[PDB]
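The structure appears below as structure tokens.
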Ligand SMILES: COc1cc2cc(OC)c1OC[C@H](O)[C@@H](O)CCOC(=O)[C@@H]1CCCCN1C(=O)[C@H]2C1CCCCC1
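In the numbering used here, the protein residues as written are 375 to 502.
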């Protein structure tokens, strides 16, 4: 499946190279620009727990997920992984707990020490 493909062929995009955030680009975007910290970012996403017990998509809310990059409003792995994307790009991220909800989890939504998977599409980003 998609998460196993990410384990085996995905790029380690963490600074510490501890494989905590792995990425495959699944649809290439356009332009050279990727978002800077502080930029307003609009995405669609699907996500799941590696235990298969919970799934979440922006399309449920019928509308883009909007957030300010690097402003600690999402998990570390998103600040790291969305910053690497181009406008129009679809990527797959597989994320160890240290870059998500940690040992404590976000009980009981996110269990303790959960690995997470997302499919993210970067729709647009604007200057603060
Ligand atoms: C722990 O709580 C949540 C987790 C997620 C979705 C939630 O609501 C839509 C949610 O509760 C509201 C909270 O406001 C979130 O924003 C926290 C930040 O969320 C993120 O940082 C990450 C990345 C941005 C998209 C949402 N995502 C999540 O962790 C989802 C998870 C994904 C795994 C499967 C369960 C939902």
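Cβ coordinates follow ideal geometry from the N, Cα and C atoms, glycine included.
### Query
How many angstroms separate the CA atom of residue 403 from the CA atom of residue 460?
The residue given as residue 403 occupies position 29 in the chain shown. The residue given as residue 460 occupies position 86 in the chain shown. So the two alpha carbons sit approximately 5 Å from each other.
### Task
Could you tell me the distance, in whole angstroms, from the CA atom of residue 437 to the CA atom of residue 418?
For this step, residue 437 is matched to residue 63 along the chain shown. For this step, residue 418 is matched to residue 44 along the chain shown. Roughly 8 Å between the two C-alpha positions.
### Query
How should residue 499 be labelled, buried or exposed, when 16 other C-beta atoms within 10 angstroms of its C-beta is the threshold for buried?
In the chain shown, the residue the question calls residue 499 occupies position 125. With 16 or more other Cβ atoms within 10 Å, it is buried.
### Query
CB-CB under 6 Å to residue 430, same chain, minus the five flanking residues each way: which ones, in chain order?
Residue mapping note: residue 430 aligns to position 56 of the chain shown, counting from 1. Same-chain partners within the cutoff: 421.
### Query
In chain order, what residues of the same chain lie with their CB nearer than 7 Å to the CB of residue 411, ignoring the 5 residues before and after it?
Taking the first residue of the chain shown as 1, we reach residue 411 at position 37. So the qualifying residues of the chain are 443 and 444.
### Message
Just to confirm the assignment, what range does the alpha helix (DSSP H) spanning residue 454 have?
### Response
Looking up residue 454 in the chain shown gives position 80. Looking at the DSSP string, the run of the alpha helix (DSSP H) that includes residue 454 is 450 to 456.
### Task
State the Cα-Cα distance for the pair residue 473 and residue 449, rounded to the nearest angstrom.
Against the chain shown, residue 473 aligns to sequence position 99. Against the chain shown, residue 449 aligns to sequence position 75. Going by the C-alpha atoms only, they are around 7 Å apart.
#### Entry: Residue burial classification, residue 481 (beta-carbon count within 10 angstroms, cutoff 16)
Within the chain shown, numbered from 1, the residue matching residue 481 stands at position 107. Answer is exposed; the Cβ neighbour count stays below 16.
### Query
For the alpha helix (DSSP H) that residue 378 lies in, which residues bound it at each end?
Against the chain shown, residue 378 aligns to sequence position 4. Note, residue 378: alpha helix (DSSP H), 376 to 383.
### Message
Taking its Cβ as the centre, do 16 or more other Cβ atoms sit within 10 Å of residue 389, making it buried, or is it exposed?
### Response
Position 15 of the chain shown, counted from the first residue, corresponds to residue 389. Residue 389 comes out exposed.
### Query
Since residue 384 contacts residue 470 with CB under 8 Å, what's their CB separation in whole angstroms?
Translated into positions along the chain shown, residue 384 becomes position 10. Translated into positions along the chain shown, residue 470 becomes position 96. Contact flag wrong, Cβ pair sits at about 12 Å.
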